[PDB]
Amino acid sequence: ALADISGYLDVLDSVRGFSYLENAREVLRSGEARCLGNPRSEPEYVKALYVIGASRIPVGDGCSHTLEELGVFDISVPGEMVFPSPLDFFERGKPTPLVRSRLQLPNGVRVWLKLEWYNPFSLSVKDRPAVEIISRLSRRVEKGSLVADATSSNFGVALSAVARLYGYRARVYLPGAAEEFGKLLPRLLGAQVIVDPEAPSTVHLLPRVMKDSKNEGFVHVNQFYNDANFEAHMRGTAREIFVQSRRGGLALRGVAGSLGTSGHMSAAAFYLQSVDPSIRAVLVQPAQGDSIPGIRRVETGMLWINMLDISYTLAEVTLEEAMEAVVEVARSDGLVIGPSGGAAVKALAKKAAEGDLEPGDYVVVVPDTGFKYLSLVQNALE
């Protein structure tokens, strides 16, 4: 029949590698999953179902079940929006909103904005990998232990709140150019903060964090390499775009977004392209010389967007163009989005103007709120 997946999640601690994603892709492509005789004997298939958002798995001898039958489309949110704890609110208070913009783009490209600031700890998309990452730790790593990572600002905040709710201590490392909220808010939340005014980037800090890890023995959760980041976005962000698009009546032709770790947009593109491989992924390339907070250029070794069978198209965006999009979204929708969000809107507008996109509905993932970036806002005004 069906069994509750929550009983089988130790496969998250034992499955390794990307091969399980073949099952994920096929179940999503076909719209259904085959019965697992002994579910414990097919740990890859079980992880595949978890990662696409199933809450139930098919077991025993018997027939295949559809995505809907596996819970992929179940409603989690209580309609009255009352929650017994902050973590329960994070988990069941989903999806994040998907809102049609009044901003007009060329060639029949209709914009919808997915507002990831609607996450309770960091007011950003980074809550999701923080929760998934800390959760995966929490029965191999003893309480009281120190966990740490490098961050542009958002993950550090998320990691600080979530580490403490799970009984861990945290430390976050930031580059000198990070926003003030990233430097300060983790201390509010009880974490240690190290700012390296030398470091020109978040990734530039990773050798130092690794070395301190070896010396001091804290757990480096490494969001740039930890697959729980990608997994969080498969079951959360990406599934939601899929479910929201079907249930909302959208003619989904593409998603648009930005890349730091590449975690959220790799998941969105991977998930959606499993269901329909023509769905586009338009991704921001910050123009050379420019810094758009939280994000960076593909070249390098970002993990998932390169290693996974993902189709995408890049558009160059300058910081000035990104902030101009912030301005225009604000004046069109009354919504105040962050620079990376503006950059994504602009990348979609550019591809739309070139004639490269089928008319239809396009989802832009807006990683956070522009309230956090006042000095960039001021510059953009003049």
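Numbers for residues come from their place in the sequence shown, where the first is 1.
(request) Name the higher of the two by mean Cα B-factor in the PDB entry, 177-185 versus 231-239. (result) Higher mean C-alpha B-factor: 177-185.
(request) Averaging the C-alpha B factors as listed in the entry, name the stretch that ends up higher: 110-118 or 300-308. (result) It is 300-308.
(request) Tell me, please, which of 66, 318, 38, 340 has the highest C-alpha B factor according to the deposited entry? (result) Highest C-alpha B-factor among the listed residues goes to 38.
(message) Looking at 21, 365, 374, 9, which one carries the largest C-alpha B-factor according to the PDB entry?
(response) Comparing C-alpha B-factors across 21, 365, 374, 9, the maximum falls on 9.
(request) Comparing against every modelled residue in the chain, figure out the third that the C-alpha B-factor of residue 260 lands in (lowest, middle or highest). (result) Residue 260: CA B-factor falls in the lowest third of its chain.
(request) Quick one: classify residue 46 as lowest, middle or highest third of the chain based on its Cα B-factor. (result) It belongs to the middle third of the chain when residues are ordered by C-alpha B-factor.
(message) Ranking the modelled residues of this chain by C-alpha B-factor as given in the entry, is residue 169 in the lowest, middle or highest third?
(response) It belongs to the middle third of the chain when residues are ordered by C-alpha B-factor.
(request) Rank-wise, by C-alpha B-factor, drop residue 17 into the lowest, middle or highest third of its chain. (result) Middle third - that is where residue 17 ends up once the chain's C-alpha B-factors are sorted.
(message) Which third, lowest, middle or highest, does the C-alpha temperature factor of residue 353 belong to within its own chain?
(response) Highest third, going by the recorded CA B-factors of the chain.
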